[PDB]
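The file model-v2.txt contains compact mmCIF, N, CA and C atoms:
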# COMPACT_ATOMS: atom_id res chain seq x y z
N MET A 1 5.05 20.74 23.10
CA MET A 1 3.78 21.51 23.09
C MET A 1 3.61 22.24 21.76
N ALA A 2 3.24 21.57 20.71
CA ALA A 2 3.05 22.21 19.37
C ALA A 2 4.28 23.06 19.00
N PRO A 3 5.26 22.36 18.54
CA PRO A 3 6.52 23.01 18.13
C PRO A 3 6.42 23.35 16.64
N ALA A 4 7.04 24.42 16.25
CA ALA A 4 6.99 24.82 14.82
C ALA A 4 8.17 24.16 14.07
N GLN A 5 8.14 22.85 13.98
CA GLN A 5 9.22 22.10 13.29
C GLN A 5 8.67 21.17 12.21
N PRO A 6 9.41 20.88 11.18
CA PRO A 6 8.95 19.99 10.10
C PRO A 6 9.04 18.54 10.61
N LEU A 7 8.15 18.26 11.54
CA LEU A 7 8.14 16.89 12.11
C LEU A 7 7.25 16.02 11.19
N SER A 8 7.69 14.84 10.86
CA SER A 8 6.94 13.89 9.99
C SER A 8 6.93 14.42 8.54
N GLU A 9 7.07 13.51 7.61
CA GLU A 9 7.07 13.95 6.18
C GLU A 9 6.20 13.03 5.32
N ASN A 10 6.14 11.76 5.60
CA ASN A 10 5.31 10.85 4.77
C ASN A 10 3.81 11.08 5.01
N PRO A 11 3.38 11.23 6.22
CA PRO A 11 1.95 11.46 6.56
C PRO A 11 1.37 12.55 5.65
N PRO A 12 0.20 12.37 5.15
CA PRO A 12 -0.65 11.20 5.37
C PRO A 12 -0.13 10.05 4.49
N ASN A 13 -0.05 8.91 5.08
CA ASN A 13 0.44 7.67 4.38
C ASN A 13 -0.68 6.81 3.83
N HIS A 14 -0.46 5.97 2.85
CA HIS A 14 -1.52 5.12 2.27
C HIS A 14 -1.37 3.61 2.55
N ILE A 15 -0.71 3.18 3.62
CA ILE A 15 -0.50 1.75 3.96
C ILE A 15 -0.73 1.68 5.49
N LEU A 16 -1.79 1.04 5.89
CA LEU A 16 -2.15 0.93 7.34
C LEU A 16 -2.16 -0.57 7.75
N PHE A 17 -1.17 -0.86 8.59
CA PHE A 17 -0.81 -2.18 9.09
C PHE A 17 -0.92 -2.10 10.63
N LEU A 18 -1.66 -3.01 11.14
CA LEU A 18 -1.79 -3.12 12.57
C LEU A 18 -2.84 -4.18 12.78
N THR A 19 -3.09 -4.39 13.98
CA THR A 19 -3.96 -5.43 14.41
C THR A 19 -4.80 -4.88 15.55
N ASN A 20 -5.58 -5.71 15.98
CA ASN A 20 -6.59 -5.49 17.08
C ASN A 20 -7.98 -5.52 16.41
N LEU A 21 -8.13 -6.34 15.41
CA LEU A 21 -9.41 -6.46 14.64
C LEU A 21 -9.65 -7.91 14.26
N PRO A 22 -10.07 -8.66 15.24
CA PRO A 22 -10.40 -10.09 15.16
C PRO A 22 -11.92 -10.22 15.37
N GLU A 23 -12.35 -11.37 15.80
CA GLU A 23 -13.76 -11.71 16.07
C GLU A 23 -14.47 -12.29 14.85
N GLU A 24 -13.88 -13.28 14.28
CA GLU A 24 -14.41 -13.98 13.07
C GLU A 24 -14.25 -12.99 11.89
N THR A 25 -13.44 -11.98 12.16
CA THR A 25 -13.26 -10.97 11.07
C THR A 25 -12.54 -11.69 9.93
N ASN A 26 -12.57 -11.24 8.72
CA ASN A 26 -11.83 -12.04 7.70
C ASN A 26 -11.35 -11.21 6.51
N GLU A 27 -10.68 -11.88 5.60
CA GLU A 27 -10.14 -11.24 4.38
C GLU A 27 -11.21 -10.75 3.41
N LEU A 28 -12.29 -11.43 3.13
CA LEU A 28 -13.34 -10.92 2.16
C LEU A 28 -14.12 -9.79 2.88
N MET A 29 -14.06 -9.87 4.20
CA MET A 29 -14.76 -8.84 5.06
C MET A 29 -13.98 -7.53 4.93
N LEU A 30 -12.72 -7.64 5.30
CA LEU A 30 -11.82 -6.46 5.23
C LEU A 30 -11.58 -6.11 3.78
N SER A 31 -11.71 -7.09 2.90
CA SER A 31 -11.50 -6.85 1.44
C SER A 31 -12.74 -6.10 0.96
N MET A 32 -13.90 -6.36 1.47
CA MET A 32 -15.08 -5.57 0.96
C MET A 32 -15.12 -4.20 1.61
N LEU A 33 -14.64 -4.13 2.84
CA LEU A 33 -14.62 -2.84 3.62
C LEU A 33 -13.52 -1.98 2.98
N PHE A 34 -12.49 -2.71 2.60
CA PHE A 34 -11.35 -1.97 1.94
C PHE A 34 -11.74 -1.72 0.47
N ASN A 35 -12.58 -2.59 -0.01
CA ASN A 35 -13.09 -2.55 -1.40
C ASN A 35 -13.93 -1.27 -1.57
N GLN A 36 -14.73 -0.96 -0.58
CA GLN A 36 -15.58 0.26 -0.58
C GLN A 36 -14.84 1.42 -1.31
N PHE A 37 -13.54 1.41 -1.06
CA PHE A 37 -12.53 2.38 -1.62
C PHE A 37 -11.90 1.95 -2.95
N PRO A 38 -11.91 2.87 -3.90
CA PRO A 38 -11.32 2.60 -5.23
C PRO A 38 -9.80 2.34 -5.07
N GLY A 39 -9.31 2.75 -3.92
CA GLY A 39 -7.86 2.59 -3.55
C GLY A 39 -7.52 1.14 -3.17
N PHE A 40 -8.53 0.35 -3.07
CA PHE A 40 -8.42 -1.10 -2.71
C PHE A 40 -7.21 -1.72 -3.42
N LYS A 41 -6.09 -1.76 -2.73
CA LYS A 41 -4.89 -2.34 -3.38
C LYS A 41 -4.31 -3.56 -2.69
N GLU A 42 -4.02 -3.53 -1.44
CA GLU A 42 -3.44 -4.65 -0.66
C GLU A 42 -4.34 -4.83 0.57
N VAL A 43 -4.59 -6.06 0.89
CA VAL A 43 -5.43 -6.49 2.02
C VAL A 43 -4.88 -7.83 2.52
N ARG A 44 -4.40 -7.75 3.71
CA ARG A 44 -3.75 -8.92 4.39
C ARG A 44 -4.46 -9.11 5.75
N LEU A 45 -5.36 -10.02 5.74
CA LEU A 45 -6.18 -10.42 6.92
C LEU A 45 -6.63 -11.85 6.72
N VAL A 46 -5.89 -12.86 7.15
CA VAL A 46 -6.35 -14.20 6.82
C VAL A 46 -5.79 -15.37 7.62
N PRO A 47 -4.68 -15.25 8.28
CA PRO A 47 -4.14 -16.43 9.00
C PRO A 47 -5.04 -16.92 10.12
N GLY A 48 -4.58 -17.82 10.97
CA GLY A 48 -5.48 -18.25 12.10
C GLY A 48 -5.84 -16.93 12.83
N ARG A 49 -4.91 -16.00 12.71
CA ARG A 49 -5.02 -14.65 13.27
C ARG A 49 -6.41 -14.07 12.94
N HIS A 50 -6.55 -13.60 11.73
CA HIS A 50 -7.87 -12.94 11.35
C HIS A 50 -7.91 -11.64 12.21
N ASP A 51 -6.73 -11.30 12.70
CA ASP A 51 -6.59 -10.10 13.58
C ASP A 51 -5.43 -9.18 13.25
N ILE A 52 -4.70 -9.41 12.17
CA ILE A 52 -3.57 -8.59 11.70
C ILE A 52 -3.99 -8.10 10.30
N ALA A 53 -4.18 -6.81 10.19
CA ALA A 53 -4.69 -6.18 8.96
C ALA A 53 -3.60 -5.27 8.35
N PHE A 54 -3.24 -5.66 7.17
CA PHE A 54 -2.28 -4.93 6.27
C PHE A 54 -3.05 -4.46 5.01
N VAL A 55 -3.25 -3.14 5.00
CA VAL A 55 -4.04 -2.43 3.99
C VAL A 55 -3.24 -1.34 3.29
N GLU A 56 -3.04 -1.64 2.05
CA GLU A 56 -2.34 -0.81 1.02
C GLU A 56 -3.44 -0.25 0.08
N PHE A 57 -3.68 1.02 0.26
CA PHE A 57 -4.75 1.78 -0.43
C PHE A 57 -4.17 2.80 -1.44
N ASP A 58 -4.25 2.42 -2.65
CA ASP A 58 -3.76 3.22 -3.83
C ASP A 58 -3.34 4.62 -3.41
N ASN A 59 -4.17 5.33 -2.67
CA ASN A 59 -3.82 6.69 -2.16
C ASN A 59 -4.43 6.92 -0.75
N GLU A 60 -3.72 7.73 -0.02
CA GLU A 60 -4.08 8.13 1.39
C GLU A 60 -5.46 8.80 1.52
N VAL A 61 -6.06 9.33 0.46
CA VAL A 61 -7.43 9.95 0.58
C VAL A 61 -8.39 8.76 0.83
N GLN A 62 -8.11 7.73 0.04
CA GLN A 62 -8.92 6.49 0.18
C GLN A 62 -8.41 5.68 1.37
N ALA A 63 -7.18 5.70 1.70
CA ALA A 63 -6.70 4.89 2.86
C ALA A 63 -7.27 5.60 4.10
N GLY A 64 -7.20 6.90 4.00
CA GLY A 64 -7.69 7.84 5.06
C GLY A 64 -9.19 7.71 5.09
N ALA A 65 -9.83 7.50 3.98
CA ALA A 65 -11.31 7.35 3.93
C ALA A 65 -11.65 6.08 4.69
N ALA A 66 -11.06 4.94 4.33
CA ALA A 66 -11.31 3.64 5.00
C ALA A 66 -10.97 3.75 6.48
N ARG A 67 -9.80 4.23 6.79
CA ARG A 67 -9.31 4.41 8.16
C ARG A 67 -10.24 5.34 8.93
N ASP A 68 -10.65 6.43 8.33
CA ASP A 68 -11.56 7.42 8.98
C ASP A 68 -12.96 6.78 9.09
N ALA A 69 -13.30 5.87 8.21
CA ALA A 69 -14.64 5.19 8.23
C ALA A 69 -14.69 4.26 9.46
N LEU A 70 -13.69 3.44 9.60
CA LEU A 70 -13.70 2.52 10.77
C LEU A 70 -12.59 2.97 11.76
N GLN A 71 -12.39 4.27 11.93
CA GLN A 71 -11.35 4.82 12.84
C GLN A 71 -11.64 4.59 14.33
N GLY A 72 -12.12 3.47 14.77
CA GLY A 72 -12.39 3.26 16.23
C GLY A 72 -13.22 1.96 16.29
N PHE A 73 -12.72 1.01 15.56
CA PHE A 73 -13.47 -0.27 15.51
C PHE A 73 -13.38 -0.86 16.94
N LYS A 74 -14.33 -0.51 17.76
CA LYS A 74 -14.48 -0.98 19.13
C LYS A 74 -14.23 -2.47 19.34
N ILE A 75 -13.19 -3.01 18.85
CA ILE A 75 -12.99 -4.46 19.23
C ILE A 75 -12.70 -4.19 20.75
N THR A 76 -12.27 -2.97 21.03
CA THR A 76 -12.02 -2.41 22.36
C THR A 76 -13.15 -2.86 23.27
N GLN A 77 -14.23 -3.16 22.62
CA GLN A 77 -15.35 -3.74 23.46
C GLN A 77 -14.51 -4.79 24.25
N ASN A 78 -13.33 -5.03 23.69
CA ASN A 78 -12.28 -5.88 24.24
C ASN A 78 -10.99 -5.04 23.95
N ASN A 79 -10.82 -4.58 22.72
CA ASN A 79 -9.71 -3.74 22.25
C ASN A 79 -10.03 -2.78 21.08
N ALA A 80 -9.76 -1.52 21.14
CA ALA A 80 -10.02 -0.59 19.99
C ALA A 80 -9.03 -1.04 18.94
N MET A 81 -9.55 -1.31 17.79
CA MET A 81 -8.59 -1.85 16.78
C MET A 81 -7.37 -0.97 16.60
N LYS A 82 -6.28 -1.52 16.09
CA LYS A 82 -5.02 -0.78 15.91
C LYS A 82 -4.56 -1.03 14.44
N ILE A 83 -4.54 0.08 13.77
CA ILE A 83 -4.17 0.27 12.33
C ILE A 83 -3.14 1.42 12.32
N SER A 84 -1.98 1.04 11.91
CA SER A 84 -0.82 1.95 11.92
C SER A 84 -0.25 2.13 10.52
N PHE A 85 -0.49 3.26 9.97
CA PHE A 85 0.05 3.63 8.62
C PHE A 85 1.48 3.15 8.46
N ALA A 86 2.02 2.96 7.31
CA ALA A 86 3.44 2.48 7.22
C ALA A 86 4.32 3.69 7.43
N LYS A 87 4.10 4.50 8.44
CA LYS A 87 4.95 5.73 8.67
C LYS A 87 6.42 5.38 8.66
N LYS A 88 7.14 6.09 7.83
CA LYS A 88 8.62 5.88 7.67
C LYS A 88 9.30 7.23 7.57
Can you give me the file's structure in the form of structure tokens?
Amino acid sequence: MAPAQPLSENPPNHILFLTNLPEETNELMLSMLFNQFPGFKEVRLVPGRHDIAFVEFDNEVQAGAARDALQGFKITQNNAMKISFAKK
């Protein structure tokens, strides 16, 4: 219940890897959505999958900007997309 401990240290992180974002979605799509951000560094969305997104954004302000921009991509209409920072 909200402990006063130094829990987590990397956050906010600038690498968001996860899936749950398919539906003819693609690499130039996610590359332009990720492109929106000057942080546009790594974009991995392309196998038969078209549903596993690996986004490396120069910095977390821009990774956080992209993530906060599409922070609830209702694929949930079947599934709410899942993007998980490279928390380590």
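Residues near the point (-7.8, -0.3, -4.3), at a distance of 7 Å or less over only N, CA and C atoms, make up residues 34, 35, 37, 38, 39, 40, 41, 42, 56, 57, 58 and 59 of chain A.
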Keeping N, CA and C atoms for every residue in the selection just given, could you write it to a file as a PDB file, in the frame of the given file?
ATOM      1  N   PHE A  34     -12.490  -2.710   2.600  1.00  0.00           N
ATOM      2  CA  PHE A  34     -11.350  -1.970   1.940  1.00  0.00           C
ATOM      3  C   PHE A  34     -11.740  -1.720   0.470  1.00  0.00           C
ATOM      4  N   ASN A  35     -12.580  -2.590  -0.010  1.00  0.00           N
ATOM      5  CA  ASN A  35     -13.090  -2.550  -1.400  1.00  0.00           C
ATOM      6  C   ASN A  35     -13.930  -1.270  -1.570  1.00  0.00           C
ATOM      7  N   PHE A  37     -13.540   1.410  -1.060  1.00  0.00           N
ATOM      8  CA  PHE A  37     -12.530   2.380  -1.620  1.00  0.00           C
ATOM      9  C   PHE A  37     -11.900   1.950  -2.950  1.00  0.00           C
ATOM     10  N   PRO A  38     -11.910   2.870  -3.900  1.00  0.00           N
ATOM     11  CA  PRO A  38     -11.320   2.600  -5.230  1.00  0.00           C
ATOM     12  C   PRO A  38      -9.800   2.340  -5.070  1.00  0.00           C
ATOM     13  N   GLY A  39      -9.310   2.750  -3.920  1.00  0.00           N
ATOM     14  CA  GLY A  39      -7.860   2.590  -3.550  1.00  0.00           C
ATOM     15  C   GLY A  39      -7.520   1.140  -3.170  1.00  0.00           C
ATOM     16  N   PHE A  40      -8.530   0.350  -3.070  1.00  0.00           N
ATOM     17  CA  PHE A  40      -8.420  -1.100  -2.710  1.00  0.00           C
ATOM     18  C   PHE A  40      -7.210  -1.720  -3.420  1.00  0.00           C
ATOM     19  N   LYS A  41      -6.090  -1.760  -2.730  1.00  0.00           N
ATOM     20  CA  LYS A  41      -4.890  -2.340  -3.380  1.00  0.00           C
ATOM     21  C   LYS A  41      -4.310  -3.560  -2.690  1.00  0.00           C
ATOM     22  N   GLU A  42      -4.020  -3.530  -1.440  1.00  0.00           N
ATOM     23  CA  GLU A  42      -3.440  -4.650  -0.660  1.00  0.00           C
ATOM     24  C   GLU A  42      -4.340  -4.830   0.570  1.00  0.00           C
ATOM     25  N   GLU A  56      -3.040  -1.640   2.050  1.00  0.00           N
ATOM     26  CA  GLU A  56      -2.340  -0.810   1.020  1.00  0.00           C
ATOM     27  C   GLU A  56      -3.440  -0.250   0.080  1.00  0.00           C
ATOM     28  N   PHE A  57      -3.680   1.020   0.260  1.00  0.00           N
ATOM     29  CA  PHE A  57      -4.750   1.780  -0.430  1.00  0.00           C
ATOM     30  C   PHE A  57      -4.170   2.800  -1.440  1.00  0.00           C
ATOM     31  N   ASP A  58      -4.250   2.420  -2.650  1.00  0.00           N
ATOM     32  CA  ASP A  58      -3.760   3.220  -3.830  1.00  0.00           C
ATOM     33  C   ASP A  58      -3.340   4.620  -3.410  1.00  0.00           C
ATOM     34  N   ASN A  59      -4.170   5.330  -2.670  1.00  0.00           N
ATOM     35  CA  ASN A  59      -3.820   6.690  -2.160  1.00  0.00           C
ATOM     36  C   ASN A  59      -4.430   6.920  -0.750  1.00  0.00           C
TER      37      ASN A  59
END
Exercise for review: Name the residues within 6 Å of (-8.8, -11.4, 1.4), counting all atoms listed in the file in the file's coordinates, and put them as a list in words.
Suggested key: residues 26, 27, 28, 31, 43 and 45 of chain A
Study note, to complete from the structure: note - atom CA of residue 77 of chain A and atom N of residue 30 of chain A are separated by 18.8 Å
Point to revise | Closest of A:53, A:21, A:33, A:46 to residue 76 of chain A - atom-to-atom distances counting all atoms listed in the file | key: A:21
Review point. Neighbours of residue 12 of chain A within 7 Å (only C-alpha atoms; same-chain residues fewer than 2 positions away dropped), as a ChimeraX atom specification?
Key: /A:10,14,60
Point to revise | All residues 8 Å or closer to residue 72 of chain A, only N, CA and C atoms, same chain fewer than 6 positions away omitted, as a PyMOL selection string | key: chain A and resi 79-82
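Note that atom C of residue 55 of chain A and atom C of residue 88 of chain A are 15.8 Å apart.
Put simply, atom CA of residue 18 of chain A is 15.6 Å away from atom CA of residue 48 of chain A.
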Point to revise | Picked from chain A by DSSP as alpha helix (DSSP H), as number ranges by chain | key: A: 27-35, 60-69
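Here the question is which of A:65, A:7, A:83, A:1 gets nearest to residue 19 of chain A using all atoms listed in the file, and that residue is A:83.
Proximity to residue 44 of chain A was assessed for A:87, A:73, A:15, A:8 counting only C-alpha atoms; the smallest distance is recorded for A:15.
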Box for segment 57-65 of chain A - axis-aligned, 4 Å on each of the six sides, all listed atoms - centre and size in Å to one decimal, as lines of an AutoDock Vina configuration file.
center_x = -7.5
center_y = 5.5
center_z = 0.6
size_x = 16.3
size_y = 16.9
size_z = 16.9
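With only N, CA and C atoms as the atoms that count, the minimum distance from residue 49 of chain A to the choices A:70, A:62, A:22, A:36 is reached by A:22.
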Review point. If you run DSSP on the backbone, which residues of chain A are strand (DSSP E), as a ChimeraX atom specification?
Key: /A:15-19,40-44,52-57,84-85
How about saving the chosen residues, N, CA and C atoms kept, as a PDB file, in the frame of the given file?
ATOM      1  N   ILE A  15      -0.710   3.180   3.620  1.00  0.00           N
ATOM      2  CA  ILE A  15      -0.500   1.750   3.960  1.00  0.00           C
ATOM      3  C   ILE A  15      -0.730   1.680   5.490  1.00  0.00           C
ATOM      4  N   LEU A  16      -1.790   1.040   5.890  1.00  0.00           N
ATOM      5  CA  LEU A  16      -2.150   0.930   7.340  1.00  0.00           C
ATOM      6  C   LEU A  16      -2.160  -0.570   7.750  1.00  0.00           C
ATOM      7  N   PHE A  17      -1.170  -0.860   8.590  1.00  0.00           N
ATOM      8  CA  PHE A  17      -0.810  -2.180   9.090  1.00  0.00           C
ATOM      9  C   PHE A  17      -0.920  -2.100  10.630  1.00  0.00           C
ATOM     10  N   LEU A  18      -1.660  -3.010  11.140  1.00  0.00           N
ATOM     11  CA  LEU A  18      -1.790  -3.120  12.570  1.00  0.00           C
ATOM     12  C   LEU A  18      -2.840  -4.180  12.780  1.00  0.00           C
ATOM     13  N   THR A  19      -3.090  -4.390  13.980  1.00  0.00           N
ATOM     14  CA  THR A  19      -3.960  -5.430  14.410  1.00  0.00           C
ATOM     15  C   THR A  19      -4.800  -4.880  15.550  1.00  0.00           C
ATOM     16  N   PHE A  40      -8.530   0.350  -3.070  1.00  0.00           N
ATOM     17  CA  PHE A  40      -8.420  -1.100  -2.710  1.00  0.00           C
ATOM     18  C   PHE A  40      -7.210  -1.720  -3.420  1.00  0.00           C
ATOM     19  N   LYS A  41      -6.090  -1.760  -2.730  1.00  0.00           N
ATOM     20  CA  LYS A  41      -4.890  -2.340  -3.380  1.00  0.00           C
ATOM     21  C   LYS A  41      -4.310  -3.560  -2.690  1.00  0.00           C
ATOM     22  N   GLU A  42      -4.020  -3.530  -1.440  1.00  0.00           N
ATOM     23  CA  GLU A  42      -3.440  -4.650  -0.660  1.00  0.00           C
ATOM     24  C   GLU A  42      -4.340  -4.830   0.570  1.00  0.00           C
ATOM     25  N   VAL A  43      -4.590  -6.060   0.890  1.00  0.00           N
ATOM     26  CA  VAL A  43      -5.430  -6.490   2.020  1.00  0.00           C
ATOM     27  C   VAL A  43      -4.880  -7.830   2.520  1.00  0.00           C
ATOM     28  N   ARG A  44      -4.400  -7.750   3.710  1.00  0.00           N
ATOM     29  CA  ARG A  44      -3.750  -8.920   4.390  1.00  0.00           C
ATOM     30  C   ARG A  44      -4.460  -9.110   5.750  1.00  0.00           C
ATOM     31  N   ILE A  52      -4.700  -9.410  12.170  1.00  0.00           N
ATOM     32  CA  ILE A  52      -3.570  -8.590  11.700  1.00  0.00           C
ATOM     33  C   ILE A  52      -3.990  -8.100  10.300  1.00  0.00           C
ATOM     34  N   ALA A  53      -4.180  -6.810  10.190  1.00  0.00           N
ATOM     35  CA  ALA A  53      -4.690  -6.180   8.960  1.00  0.00           C
ATOM     36  C   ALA A  53      -3.600  -5.270   8.350  1.00  0.00           C
ATOM     37  N   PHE A  54      -3.240  -5.660   7.170  1.00  0.00           N
ATOM     38  CA  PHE A  54      -2.280  -4.930   6.270  1.00  0.00           C
ATOM     39  C   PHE A  54      -3.050  -4.460   5.010  1.00  0.00           C
ATOM     40  N   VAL A  55      -3.250  -3.140   5.000  1.00  0.00           N
ATOM     41  CA  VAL A  55      -4.040  -2.430   3.990  1.00  0.00           C
ATOM     42  C   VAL A  55      -3.240  -1.340   3.290  1.00  0.00           C
ATOM     43  N   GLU A  56      -3.040  -1.640   2.050  1.00  0.00           N
ATOM     44  CA  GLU A  56      -2.340  -0.810   1.020  1.00  0.00           C
ATOM     45  C   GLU A  56      -3.440  -0.250   0.080  1.00  0.00           C
ATOM     46  N   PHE A  57      -3.680   1.020   0.260  1.00  0.00           N
ATOM     47  CA  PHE A  57      -4.750   1.780  -0.430  1.00  0.00           C
ATOM     48  C   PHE A  57      -4.170   2.800  -1.440  1.00  0.00           C
ATOM     49  N   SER A  84      -1.980   1.040  11.910  1.00  0.00           N
ATOM     50  CA  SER A  84      -0.820   1.950  11.920  1.00  0.00           C
ATOM     51  C   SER A  84      -0.250   2.130  10.520  1.00  0.00           C
ATOM     52  N   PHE A  85      -0.490   3.260   9.970  1.00  0.00           N
ATOM     53  CA  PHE A  85       0.050   3.630   8.620  1.00  0.00           C
ATOM     54  C   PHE A  85       1.480   3.150   8.460  1.00  0.00           C
TER      55      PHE A  85
END
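Shortest atom-to-atom contact with residue 75 of chain A among A:13, A:23, A:32, A:63: A:23, counting all atoms listed in the file.
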